[PDB]
Amino acid sequence: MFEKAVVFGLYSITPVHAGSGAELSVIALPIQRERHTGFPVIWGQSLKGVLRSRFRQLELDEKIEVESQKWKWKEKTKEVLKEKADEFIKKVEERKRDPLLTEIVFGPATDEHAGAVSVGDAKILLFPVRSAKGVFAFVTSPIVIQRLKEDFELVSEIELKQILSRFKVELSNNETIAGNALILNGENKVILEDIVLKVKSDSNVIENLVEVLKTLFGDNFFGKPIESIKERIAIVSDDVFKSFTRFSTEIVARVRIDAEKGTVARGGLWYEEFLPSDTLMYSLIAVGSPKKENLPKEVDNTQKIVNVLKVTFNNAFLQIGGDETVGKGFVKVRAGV
Amino acid sequence: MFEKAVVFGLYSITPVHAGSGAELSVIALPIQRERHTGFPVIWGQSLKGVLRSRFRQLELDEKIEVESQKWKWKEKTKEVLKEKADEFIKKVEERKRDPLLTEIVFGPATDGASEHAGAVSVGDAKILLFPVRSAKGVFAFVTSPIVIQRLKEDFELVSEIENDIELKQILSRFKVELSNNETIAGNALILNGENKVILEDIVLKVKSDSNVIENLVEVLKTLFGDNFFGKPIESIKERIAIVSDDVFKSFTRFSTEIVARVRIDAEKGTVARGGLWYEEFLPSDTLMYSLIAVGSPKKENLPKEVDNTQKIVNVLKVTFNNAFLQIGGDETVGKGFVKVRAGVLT
Amino acid sequence: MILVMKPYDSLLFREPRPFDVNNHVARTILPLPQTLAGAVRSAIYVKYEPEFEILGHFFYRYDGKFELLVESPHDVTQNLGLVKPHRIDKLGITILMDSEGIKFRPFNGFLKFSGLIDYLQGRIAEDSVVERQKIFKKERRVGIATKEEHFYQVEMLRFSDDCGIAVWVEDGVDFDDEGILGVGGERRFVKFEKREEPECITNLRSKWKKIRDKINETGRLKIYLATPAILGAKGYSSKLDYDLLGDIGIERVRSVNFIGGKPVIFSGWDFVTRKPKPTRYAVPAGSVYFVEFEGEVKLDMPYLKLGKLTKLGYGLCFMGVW
Amino acid sequence: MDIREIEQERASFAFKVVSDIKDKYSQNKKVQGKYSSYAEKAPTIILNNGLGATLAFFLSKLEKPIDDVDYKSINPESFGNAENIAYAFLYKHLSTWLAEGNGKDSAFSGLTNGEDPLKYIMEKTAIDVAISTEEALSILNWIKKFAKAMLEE
Amino acid sequence: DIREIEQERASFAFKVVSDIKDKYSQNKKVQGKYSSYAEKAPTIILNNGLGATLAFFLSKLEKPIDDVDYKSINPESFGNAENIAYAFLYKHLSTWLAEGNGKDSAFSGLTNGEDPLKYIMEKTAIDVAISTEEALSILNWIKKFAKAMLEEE
């Protein structure tokens, strides 16, 4: 199964609060965090639930143009199913089912077969921390590069394969490797939100990381110049990076006000935690050949079923988490071409 | 899922104190800031809370004009609900449920949470122009390429939502870089015979380029018209300064107002023991812009005048353009008032 | 040929309790050999009781050196002390002895193949054991998804960044080396890889003669269950059939002593008939059988397959001395 | 070198200095109350005017000529009035925290690298002064908490 | 890198106060008179304006107006201690308002081309108000440093 795979990228335009956690240490609703590492994460189960719904609503509006040809789902099901396809049309319009093409891609609805694709967990790749010079910095960890090193080998692999093995850096708890826009002038040191870091001299690690990003997310970087990003990577130690993700996220106090008195209601006060904006996530999308059920001629093999997913989702803007109405969740996606 | 996006300019006429109770600091009561940058910010939950409260009040008082016609929520409830409408209005009369248009736009009350959601998604108010004192002139409106890049990235969101093309072409020519010891400011601040401007306590050499401020000025005219919140925009173009990202960060962190409030014992006539606390306020004449994304109304059985998002948009634009709100709470001491001017892009 | 299977994300292996709409909480169990056997069957089918035999599966950790981790034996106390059954002719009963008290708690964890080459002799070092937390953790995802009640809790296997699952396959039956396949319950996948047989196996394979002759001369043999086995003849029973040891050449058995945990209850889905497979009970992995054999063992390999479904990976047993 | 270790160092240092002041000046509550009020007032002065301005303002309340700006040479016990003693102690604590942290053995050894913070403000860039301002605000917050906890007025 | 004007203010004030302390360490009267004049100067500037204060400094110096170039004043060439203090104060104020803390410094000086007295003579009131703010700020810094490190009377 899952003959090939494609790489997705995410970039929080607005702070994201997706899911919760079984820890519940201080904040009432923390964000989904990995167990062994403690990094913030977007589970593939919840990430699929917004990927599929966005794909579904496109079918009702017929904007899934395949091979530069618009898709018309009403006739396609009749063309490939017939007989009860008219009843299939009624069931889909009854909200008891889902459009045909999506169920080949994202699996059947609650009411057979399986989806041709699998949605992996969205592992963090860049985290924003307030700095002294270079107002905010994109911080990573050496093992985060290691995680990206193995996963990226599934799609790209050959020049990037050779440079992928070059990602091997050991960092102490205070040294760092940072871009020019973050290093304090004269005093070769970097300050990242109350923590003083010493810059370690290097000329490959930061360049290599931004090299694979361009080759996997295009020359443009989510609406910003790529060169303006290369000066703001600050690779820190694992303990420093782990500590940042636990404490540098936005904890937002919230309360409900009753108009009868104008004050707050008793017990209606809690704190919720949000992933910061400008957080470059990435999730591996595994795609396989769909189950043969008289599918249309455009979705036979895996290479055709991945192009539709990549094209329809590149430069998209979907909402994750449970705070859509208050402007939380919008993320720009860049599929890896 | 969102068809139309309407921007929301905010101009503070009084100091604004958006309280941030999730701060482990006893020095003062800080205003919430973007943690990863330090810029002042107003969360959508706070912004939507004052929008919904104001909108509900207007519907209750029957002041909203829909399609250039008055709106009667009581009459519309019978047209929408028919049966059990009298039972429903009892909940609103008991302050247990919100009127129809409020529930359609922002969402239902807490009791009817699972019934449906709202039609609008109130974004986050981010900084666009910061007022700092200057040696020449009363003060200056300050921004930075990071804020400009953020504003340009915001139009991409609107352009993609509405499938527009000219929206991303508005700032496609904006390529402004600034050294730490450089700035681009109008002629109302430049010191005579020096090409220097002194913002707060920083001397900045003035760069020689006028296109950056000119194209920036007309961008606000696209979103806010010629009337810049009660004054001509050309009258304030001369006092707009572009500073580097780091220099702007220093202004945002430290130039915000800090006020030492106190309480006094009535009997003794002096300050009561332990009754002394200080607060932080956003300075007046601070320009912030939000971004409201509105989709089709989820709740069905709705009147034709609020059929689509375009119908919903005209309700928000009419009822909120050139209107004064109270964001954050220090109302009893006259803090938080802000002028609001909406408007769709080209 | 080993089959390294590094999980990209966490993995969940479905316990027999149903989970569709009512039992929303879905726990996880250790990967049964049938699941990995089916995954390998899918892999070989894509590349080109199955016709090929899978010896078994073990955990592994790759931190500079690549080592395979075997489930912690039930013969090891929590204080890293072996337990030996000695019989009391005065009372006519046999008890398990740890030389530090009649009561003990088995040590949960793992045991590297270096441990195996030393544990079979009758001693265990300190570095030969690894705790459970160093390999995987029980990460429980919550609130995944008229859907007010669909929120369901799921517990997965959060492997450490340097730890994965390795599947042992007999020499030959070559197929695709690098790729990705789906394993588990809720749709997940691993980045598997084909690697030459590790030097640990040949270390234990070469030193098989020494332990074999020690067992032969001492008249005592211990059998360690690397993977669970279904040892029943008609039904499913934990009692070791004496004929089963007759294959290796045991002329007679004097006494058999076995210590193991609760049995593992499992089934499967018969894709041919679209119906669930018959439920089976298997002796849990890590149990050890202490026997007093008469005769000699002529097995050329340090392992043998016991019970049914041995091709999947069940019944991987090691001959050791006590 | 995480955030929590820095907070640990701040708490330990603030408790140490506040306990030292409480023990040494236990009898006279006037100096204790003056120190507590001056601590609770200090960070806001830094925010409104700046670290250099408030450092100079502290140095101007010593009622005795100073040969050269230096926190080590100070001796608050010499002065008579409680006001000058409190100002001297607060300035000494602030400068020693900003110049040495909680000692060279601790994880945080200060920012100015042994220099007088007034001199550091004098000849360093604005970014370093801002960082020292944040550090001073944090340590003053901790000092205020501990002083309110223990010192009596 | 950028440098805040407050840093230049502090550096200039410390430089001038340390210079007068080191040069006239034996002269207690000079130090006391200079401290008193520095503490009394801002009030005079507020009451009568910056130009009146600058001219009144020269009135005690006995030097005539319209030949006022601060570079051409030897402040040590006056016998009286009061004259010495007034010359030092006038030279420091004029140097700050004409050159700041140097050309290379962040503050290059407001007038930058001639003596500030002439600047007040033949320039508009907005510029003299800016100069008055600058003079008040530098006078505050100098007064702080003098009250701290210079012997009073």
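Judging from the entry metadata, cryo-EM is the method by which this structure was determined, and 2.97 Å is the reported resolution.

Draft legend 1. Inspection of the interface of chain A and chain B at higher detail. Opposite the 40 residues of chain A that make contact, chain B presents 30 residues. Those elements giving two or more residues to the side of chain A that touches chain B turn out to be β4 (127-130), β10 (250-257), β11 (264-274), β13 (317-319) and β14 (330-333) of chain A. Examining the composition of the side of chain A that touches chain B, we find that five residues originate from one element, β10(A), more than from any other. Taken together, the residues that form the side of chain A that touches chain B break down as 17 nonpolar, eleven polar and twelve charged.

Draft legend 2. Spatial organisation of the arrangement of the chains. Across the seven pairs of chains in contact, the largest number of contacts is found between chains A and B. Spatially, chain C is disjoint from chain D: no contact exists, and the shortest C-alpha separation is 22 Å. Kept free of each other, chain C and chain E leave a smallest C-alpha distance of 42 Å between them.

Draft legend 3. Fine view of unusual backbone geometry. A positive phi angle, near 65°, is found at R95(A), a position not held by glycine. Note that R95(A) resides in the loop between α3 (85-93) and α4 (100-106). By relative accessible area, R95(A) is classed as exposed at 73%. Positive phi values are uncommon outside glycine, yet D285(B) reaches one of about 55°. Mapped onto the secondary structure, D285(B) falls in the loop between β15 (271-281) and β16 (287-294). For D285(B), a relative accessible area of 24% corresponds to the partly exposed category.

Draft legend 4. Expanded view of the sheet that holds strand β8 (residues 196-199) of chain A. All names here are of chain A. What the six strands build is an open sheet, ordered β4-β5-β9-β6-β8-β7; its pairing is mixed. Lying at the two open borders of the sheet, with one neighbouring strand each, are β4 and β7 (189-191). Going across the sheet, the axis of each strand differs from the next one's by a mean of 40°, ignoring polarity. Sheet topology places strand β5 (residues 136-140) next to strand β9 (residues 233-235); three bridges connect them, and they run parallel. When the bridges of β9 are listed, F138 appears paired with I233. Sitting on the sheet, helix α9 (residues 238-247) touches β4 and β5, and the angle it makes with β4 is about 85°.

Draft legend 5. Local environment of the sheet that holds strand β2 (residues 41-42) of chain A. All names here are of chain A. Ordered in space as β2-β3-β12-β1-β14-β13, the six strands form an open sheet in which the pairing is antiparallel. Edge positions in the sheet fall to β2 and β13, since each of these pairs with one other strand and no more. Where β2 lies against strand β3 (residues 117-124), two bridges are found, and the strand directions are antiparallel. Among the inter-strand pairings, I42 is bridged to a residue of β3, identified as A122. This element, helix α10 (residues 302-313), spans β1 (4-12), β3, β12 (280-287) and β14 of the sheet and lies at about 10° to β1.

Draft legend 6. Quick look at the side chain of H57(C). All names here are of chain C. Position of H57 relative to the elements: it lies in strand β2 (residues 54-63). According to the relative accessible area criterion, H57 is buried, its value standing at 12%. A distance of 3.0 Å separates the side chain of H57 from the backbone oxygen of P31, its partner in a polar contact. Beyond its immediate stretch of four places on either side in the chain, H57 contacts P31, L32, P33, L36, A166, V167, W168 and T227.

Basis of the calculations
- Residues numbered from 1 in each chain as written, not as in the entry; some residues may be left out.
- Chains lettered and ligands numbered in written order.
- Part of a larger assembly, values for the part shown.
- Heavy atoms only, no water.
- Residues with missing side-chain atoms left out of burial classes, pairs and counts.
- Contact = heavy atoms within 4.5 Å.
- Helix = DSSP H or I, 4+ residues; strand = E, 2+ residues; numbered from the N terminus.
- Nonpolar A, V, L, I, M, F, W, Y, C, P; charged D, E, K, R; others polar.
- Buried < 20%, exposed > 50% of the residue type's maximum accessible area, 1.4 Å probe, protein only.
- Pairing = 2+ DSSP bridges.
- Axes fitted to C-alpha atoms, helices over the stretch in contact; angles between N-to-C directions.
- Polar contact = N/O pair within 3.5 Å; in protein donor to acceptor, adjacent residues only side chain to side chain.

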